[PDB]
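So this first bit is one chain, no partners, the form deposited in one PDB entry, shown in structure tokens.
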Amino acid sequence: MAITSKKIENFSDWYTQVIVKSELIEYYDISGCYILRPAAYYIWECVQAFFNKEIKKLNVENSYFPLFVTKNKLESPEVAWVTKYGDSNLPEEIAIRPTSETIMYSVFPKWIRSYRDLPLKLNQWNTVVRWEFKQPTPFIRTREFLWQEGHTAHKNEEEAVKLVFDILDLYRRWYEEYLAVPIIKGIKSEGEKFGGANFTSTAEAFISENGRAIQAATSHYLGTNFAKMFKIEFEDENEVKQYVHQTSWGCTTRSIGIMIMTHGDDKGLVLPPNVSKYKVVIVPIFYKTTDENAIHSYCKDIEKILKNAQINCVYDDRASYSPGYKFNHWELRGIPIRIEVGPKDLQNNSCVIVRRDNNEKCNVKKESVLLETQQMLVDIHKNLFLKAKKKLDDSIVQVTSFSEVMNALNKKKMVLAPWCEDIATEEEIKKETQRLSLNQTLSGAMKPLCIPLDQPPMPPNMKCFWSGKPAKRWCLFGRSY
């Protein structure tokens, strides 16, 4: 099979082709739900192992809360409602969790009585259902998805904010160190922040081949807002009752999606080594051999070296298929490294190592196969990240006025604009960009993506690019998913 749509030219078709033909995703007769085949679920398992290791160092503990919330306890136009079991009607409808704030925070008071019960730090690896009737995009925007949601309660605001930003850096490492994707850290505007949050912090990603931003992960400071709604109070060290200061943070399998859209090429899936089940595929070339079993033994001992070094590989000894067919088979599926061994290189005690990301063929003696493999795996990651980073940073153009924006938006860029952050302007900007875009399947609108944590200098009397009023801060704007 082959990718018959160029990514730069027909992005959404390239994407569906890649995710189905690499065996990541299978479509399902309920739209917005997709089957995660082994190759994608493996990526999820990897980032889950990493994130678990890292949040246990923050003393977060894993737990599992129910899938169902009662109607009253959810007081939304996006929720699947259960009503019957078999043919009998439920006494009252129950909702499938779209998020678990109201499921968890209504039992938090049974656990929190005094300052000696804090901080409470829980995490869930679960599934949520968000039944939006807009159009789905696999991984990026789906009605059922896997995620992790963490929730903490602290005795004050300093501890809670510190954790919000510790989690945000763990999300940075999740994307950069495992998915080789660079992200922009920022604060969400108050029109786009989480409902009930004090502030929402965020990591944003950008798909430059189609000009779209994607929110990669979120860490919210809820403050005492949910504490006052659910009366989560505690006796402090002065016998005074106080409200807990709360955080919640989440990340979903959308991350896999962002990864595919960043590194994928026209040959197919390109996988960062850390998240590929097979890091190496060994492909024999049997033509012109003198001892087929010698080629077998040679490949199998390369295999033994690698997995004795904890490097998982597959030996593709299928006899019917040409070497070229197998090269394409494993390239499509994103295996980062291929080892070719033909009769000349058994004669030389060498083998050819091929990097998936640049297709550079390299002749290495077998004596240093492992070392070279390990080095290349590391370098593959570096290069995937670096290529992505420059692509990200060449996608942001600073503008001082709205008149420069549409042009920048039509070259598939993000605008860094000085903004007064007044909430009424978010919708005005969205509709104006929406109407101007209506002149050549997803939305033309431009929205605040985030106020970046790393700020350029604000010149003295800088006017807001939309309002003409004093500009509060620099904000990223762009089309998104």
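In this text, residue numbers run from 1 along the sequence as written. Rigid core here is just the name for the largest C-alpha set that superposes within 1.5 Å across the two forms.
Among other deposited entries of this protein with both flanking residues present, at least a third omit coordinates for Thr99. Residue-level annotation: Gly86 lacks coordinates in a third or more of the other entries compared, counting only those that model residues on either side of it. According to the PDB entry, the deposited sequence runs on from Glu239 to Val240 with no residue lacking coordinates between them. Judged by mean Cα B factor in the deposited record, 385-393 ranks above the other of 250-258 and 385-393. Comparing 286-294 with 208-216, the stretch with the higher mean C-alpha B-factor in the PDB entry is 286-294. In this structure the maximum Cα B-factor among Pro273, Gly264, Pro138, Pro77 is found at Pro77. Taking the PDB entry at face value, the top CA B factor among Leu346, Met104, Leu120, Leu377 belongs to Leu346. In the deposited entry, the Cα temperature factor of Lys300 places it in the highest third of its chain's modelled residues.
Split the chain's modelled residues into thirds by C-alpha temperature factor. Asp169 is in the lowest one.
When the CA B factors of the chain's modelled residues are split into thirds, the value for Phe402 lands in the highest one. When the modelled residues of the chain are ordered by their C-alpha B factor, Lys430 lands in the highest third.
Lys134: CA B factor lies in the highest third for its chain, per the PDB record.
What follows is about the form deposited in another entry, which we do not show.
For the listed set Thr290, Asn359, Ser114, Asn363, the sole C-alpha moving 2 Å or more between the shown form and the other one on a rigid core superposition is that of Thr290.
A displacement of 2 angstroms or greater separates the C-alpha positions of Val128 between the shown form and the other one, with the rigid core held in common.
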